[PDB]
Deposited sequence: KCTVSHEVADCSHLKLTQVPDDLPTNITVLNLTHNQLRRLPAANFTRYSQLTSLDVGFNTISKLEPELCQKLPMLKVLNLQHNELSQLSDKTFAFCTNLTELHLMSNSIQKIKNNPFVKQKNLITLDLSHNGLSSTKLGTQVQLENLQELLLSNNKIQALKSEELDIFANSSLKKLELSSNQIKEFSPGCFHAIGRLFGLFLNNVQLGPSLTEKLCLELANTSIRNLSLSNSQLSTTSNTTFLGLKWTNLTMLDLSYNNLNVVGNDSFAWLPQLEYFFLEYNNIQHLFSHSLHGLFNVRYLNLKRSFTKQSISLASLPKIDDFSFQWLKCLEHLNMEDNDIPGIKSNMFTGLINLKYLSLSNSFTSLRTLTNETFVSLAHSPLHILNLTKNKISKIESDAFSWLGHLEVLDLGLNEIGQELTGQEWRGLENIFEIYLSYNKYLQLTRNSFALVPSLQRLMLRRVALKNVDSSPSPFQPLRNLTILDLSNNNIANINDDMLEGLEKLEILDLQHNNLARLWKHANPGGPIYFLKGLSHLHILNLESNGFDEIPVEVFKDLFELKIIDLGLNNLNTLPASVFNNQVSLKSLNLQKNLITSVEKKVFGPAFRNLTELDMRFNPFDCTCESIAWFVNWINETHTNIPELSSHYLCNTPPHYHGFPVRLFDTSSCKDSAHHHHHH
């Protein structure tokens, strides 16, 4: 209720609190039942820089309010009943920088209610019933940067209505959700400078959009947003007026856009950020994207027709500066031999769920990416079942390859990865089955992260381990594979390994003292291991020496096993341990000879759902149970 900011929100107040500190600089009276704001009630609060009375039932402002509050900068009156403004309403609010007047059923503005707002930066008149952008009769609001007029009833734009902004530089003119049917010649030129224009949810269509762009010719426009404006088609004339601009962001998302005519964007050589997501493009032509040679970011998520879309070879060849291409969630048949040809700056490519399928990654699938400096390639959710030898040989700069969430069922011969000289991470989690050999990862000794979660993983017990070549590995996820057989040298030579996930496997036997040959010390030498997940493996015994090398271990997860008895000294080398998790085991006792050194430095303990019996109290730090104790 007070940190020099007063929160009086949601309190069913019919009057301003008369007993807050004279300290306060922010008064928040949102969601109450105020009908009026009398000037006398604010004498006490001469220090307010912000007054938020949004969501009340205020129908008028006493002009003297603003002389009581000479420091008022932010005034929020949204969702009230302030439908009539006069020249008196804000005349004394000369210090305002933000004025929020949304949802007041303002239908008309009649004279100059904003003329004293010489320091105003933001004016928000959204969600009213305004049929015009006329907000005064003389040049004013010179400092205004954002004018928000969205969700009104504006039907035309006219120079004589916007010319009070002749001295203003508008970063944002938001006219979304108005039924604008006319851009009268010169309308945008009436504004001193116009940088950003939003006409989202304005039914325009190709013919009116072309007139609009003509009105934008020779303006300062950088950002133009036409989302859901029914731009069903574009042609080489639609954006012609933008030839006389330095437009850098165009948003044509959500347009049910079906046909992109050749040279539709020839007139946008400076465009850098292009949003085409959620459209219905049936066939992308080889010259549809001609001229876009400065585009750095292109979003094509769900841009193409569903169910099939056609992308001509060489369609992206023009996009010489494109660095980040999102093509996710589409029904493209497959990848043609020149699909990405010309993309000489592409560093990021998302093809997640982009194809009806890409059943087989052949040695030609990615050829058109050979001259791209590609670092990230996302191939998730493409129902991929088979990766052939040399599938990624074209991708010598690739750092991250995401192949998760496919249907890959194969032996990894190791040839799949040839050419991947710079690989840092391979994500293979959630595939149908992967059978490893000693050679599965030999061609990628630079690998640092390898995720093989839930891939029905076979033959990790290869004779030199499949992981032997990966001396720089820092993360290995082997979880959820029902692995029963691991050799003691599985992770030998992996001194850099920091994260090891082995949960939901079947390793219980390996750590029983009765295991034939004796227990398997597969954590030996892992001196930089920080996080170790051994949950849900059926463990009911831990050999005393299994964590003996784990001096840097910070987090151990041994929960959801069947442990009770732990041998004395088992956690003795655990000098760095911060979280010890043993929830949902069969633990009846907690003796110092085991837990003393483990508890020494913990910031977190979770032994929550165990069958306790012969116990020992808690002191210094986080134990999240009082019920599960």
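Participant: Do you know which deposited regions have no coordinates at all?
Facilitator: 1-3, 311-316, 639-680 are the stretches of the deposited chain that have no C-alpha coordinates in the structure.
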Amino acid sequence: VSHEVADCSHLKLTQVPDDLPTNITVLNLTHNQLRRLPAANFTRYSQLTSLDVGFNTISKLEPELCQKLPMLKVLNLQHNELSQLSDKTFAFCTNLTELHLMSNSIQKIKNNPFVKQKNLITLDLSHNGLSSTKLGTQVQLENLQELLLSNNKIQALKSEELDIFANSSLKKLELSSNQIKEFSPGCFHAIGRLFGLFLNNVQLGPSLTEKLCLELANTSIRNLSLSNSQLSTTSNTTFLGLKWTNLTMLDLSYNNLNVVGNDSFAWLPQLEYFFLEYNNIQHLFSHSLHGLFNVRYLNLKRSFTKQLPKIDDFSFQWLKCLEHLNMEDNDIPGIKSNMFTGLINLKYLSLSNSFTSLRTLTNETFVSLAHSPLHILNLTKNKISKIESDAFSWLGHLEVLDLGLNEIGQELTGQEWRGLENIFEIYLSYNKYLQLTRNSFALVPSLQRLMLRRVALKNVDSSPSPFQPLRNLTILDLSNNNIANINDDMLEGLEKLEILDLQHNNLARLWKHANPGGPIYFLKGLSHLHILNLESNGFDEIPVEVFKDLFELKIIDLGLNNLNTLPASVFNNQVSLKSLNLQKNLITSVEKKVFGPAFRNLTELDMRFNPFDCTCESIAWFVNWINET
From here on, numbers count along this sequence of modelled residues.
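Participant: Mind pulling up the entry and telling me whether 610-618 or 10-18 has the higher mean Cα temperature factor?
Facilitator: Taking the mean B-factor of the alpha carbons in each, 610-618 is higher.
Participant: Read off the CA B-factors in the entry, average them over 78-86 and over 494-502, and name the higher stretch.
Facilitator: It is 78-86 that shows the higher mean C-alpha B-factor.
Participant: Among the choices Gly419, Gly196, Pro185, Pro373, identify the one whose CA B-factor in the record is greatest.
Facilitator: It is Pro185.
Participant: Lowest, middle or highest third: where is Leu300 by Cα B-factor in its chain?
Facilitator: Lowest third.
Participant: Among the modelled residues of its chain, does the C-alpha B-factor of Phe366 lie in the lowest, middle or highest third?
Facilitator: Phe366: CA B-factor falls in the lowest third of its chain.
Participant: Quick check for you: using the entry's CA B-factors within this chain, is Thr209 in the lowest, middle or highest third?
Facilitator: Ranked within chain, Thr209 CA B lands in the lowest tercile.
Participant: Within this chain, which third does the Cα B-factor at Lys336 fall in: lowest, middle or highest?
Facilitator: According to the entry, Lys336 has a C-alpha B-factor in the chain's highest third.
Participant: For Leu563, does the deposited CA B-factor place it in the lowest, middle or highest third of the chain?
Facilitator: Its C-alpha B-factor, which the entry lists for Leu563, ranks in the middle third among residues of this chain.
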